[PDB]
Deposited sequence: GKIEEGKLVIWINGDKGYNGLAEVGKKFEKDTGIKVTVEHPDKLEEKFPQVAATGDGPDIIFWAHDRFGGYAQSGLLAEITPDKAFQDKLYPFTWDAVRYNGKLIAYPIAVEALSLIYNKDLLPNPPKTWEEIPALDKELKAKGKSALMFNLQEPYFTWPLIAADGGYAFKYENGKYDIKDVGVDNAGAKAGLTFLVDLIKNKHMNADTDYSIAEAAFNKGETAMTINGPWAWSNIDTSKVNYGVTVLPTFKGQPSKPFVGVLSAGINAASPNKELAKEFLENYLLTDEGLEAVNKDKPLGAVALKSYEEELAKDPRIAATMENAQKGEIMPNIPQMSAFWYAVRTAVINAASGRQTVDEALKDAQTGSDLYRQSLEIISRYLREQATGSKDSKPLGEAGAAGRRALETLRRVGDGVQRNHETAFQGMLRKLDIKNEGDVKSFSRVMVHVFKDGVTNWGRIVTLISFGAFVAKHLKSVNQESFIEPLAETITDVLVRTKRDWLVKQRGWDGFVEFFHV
């Protein structure tokens, strides 16, 4: 393999207590003799699924729970095997955050939520609303300082305000989340994002302020407030700023609803040291001495282990985190969160800068959030419709116009290049699905380069329909839907940003109308 046997390599983000975790590994090396190396790579959430799909990466990966469900869908995680004797040591909600398809995929560590952090010496009475912030900024700017400065490069810090008046990611009726209704461009988010953009335009905040310059500004006493979670308390302690942690401001009478994260530890499915990773996580990290080693470095918040939470509950700063946690909503861990996160990440940055209006950014975020879902429905319906000859009798008329347009456009194009399609077809293996799934390699390489227009996308889907028909004739019916999956993977992973600029499939409908 590509992972060394006899040691543990752990990936944890840089804002967390990576040193405090490293001394847990020194303790792990001292009783055990096995070395434990902890690293904090940048863009960890994106680099793990890339290197783990090729069978490499760390033994243990640390991040909030929202990313693990996608990693599990991609088969990058091994099921953790804790007995109930151990499960009774952590709170049930932490276990609930690491469940996907009924199988546990990671050990929960600690519950995070954003809070308002304010300098008691620059204002001893924190404002209870967001609407009070512009006026307070004018008074302190006369004193040479600012009211609020928080990171606007990651949408995690703005979602509390966006979700205040009715914004949400994916709706949770009836048993669980539904994928079709995304709430990024509702009247609530348009109002929440507008107040932030209005704060930027009236020069009360800077649109490209990030994490480091906002933390430095607060630690120096250059701002009266900012928004971050428990991991920032450590360096505010060192700056000796008399700070407080209180509940986030309300927006339009409603509380700010922060995304609740549960940082968790998953075990790589390609790792040869899965049992030692379990022993390290069960009998060393998730113990009171082990968690205190990490919490002393950078605070975790509400620890998952019940014995250590009973000791740390008395902290007024952790109590404030639960106030914001209860008034927030838990982040889903469905595999569609990555595409949702990138959609809102671009939308906040473009609206903050003025490159897009708030309405243009949020609608494009809606297209990007449902991008993969709606694309697969149209391509899967079309390939089935060309294979059977009938029609499916299953916020849907837009797909009906796209499928009817794809019927009219795909039929003519498919018979235009019909000779070339069969010459390309003439070969064909099609022995198993692994070979049909192996068409992902060829298609992504040919499609990353070259012209991007609707004509190419139609030609891509039309040959897929051409293969689907032949799949039905060679009695390979079950291979049609996996073929559609492959086409949808290739299409969106290469042309996502183009398809968003073209109104999603609405631009496909108008292009041919």
Numbered from 1 on the deposited sequence, the unmodelled stretches are 395-398, 518
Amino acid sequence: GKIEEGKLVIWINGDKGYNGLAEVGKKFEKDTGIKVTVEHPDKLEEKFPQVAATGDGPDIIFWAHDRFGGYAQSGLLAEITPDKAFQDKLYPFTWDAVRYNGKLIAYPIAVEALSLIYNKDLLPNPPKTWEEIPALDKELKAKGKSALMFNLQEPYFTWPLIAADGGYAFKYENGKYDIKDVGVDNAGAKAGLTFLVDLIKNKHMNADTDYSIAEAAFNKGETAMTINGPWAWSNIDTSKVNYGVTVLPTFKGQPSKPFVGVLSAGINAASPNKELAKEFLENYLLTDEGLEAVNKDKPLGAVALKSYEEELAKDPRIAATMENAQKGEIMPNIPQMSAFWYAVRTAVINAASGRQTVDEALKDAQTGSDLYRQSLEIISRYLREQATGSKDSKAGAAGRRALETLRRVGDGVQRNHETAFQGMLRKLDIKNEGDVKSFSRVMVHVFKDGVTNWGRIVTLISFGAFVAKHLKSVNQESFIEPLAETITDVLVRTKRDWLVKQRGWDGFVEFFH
From here on, numbers count along this sequence of modelled residues.
Quick one: higher average CA temperature factor, 434-442 or 290-298? 434-442
Comparing mean C-alpha B factor in the record for 221-229 and 400-408, the higher one is 400-408
Which one of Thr94, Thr388, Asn151, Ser338 shows the top CA temperature factor in the record? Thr388
With respect to the C-alpha temperature factors reported in the PDB entry, which of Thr250, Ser234, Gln87, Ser115 ranks highest? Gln87
Tell me, lowest, middle or highest third: where does the Cα B factor of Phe463 rank within its chain? middle
Could you say whether, by C-alpha temperature factor, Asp178 belongs to the lowest, middle or highest third of its chain? highest
Select lowest, middle or highest to describe the third in which the CA B-factor of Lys30 falls within its chain in this entry. highest
Third of the chain's Cα B-factor distribution that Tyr100 belongs to, per the entry: highest
Modelled-residue ranking by C-alpha temperature factor, third containing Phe280: middle
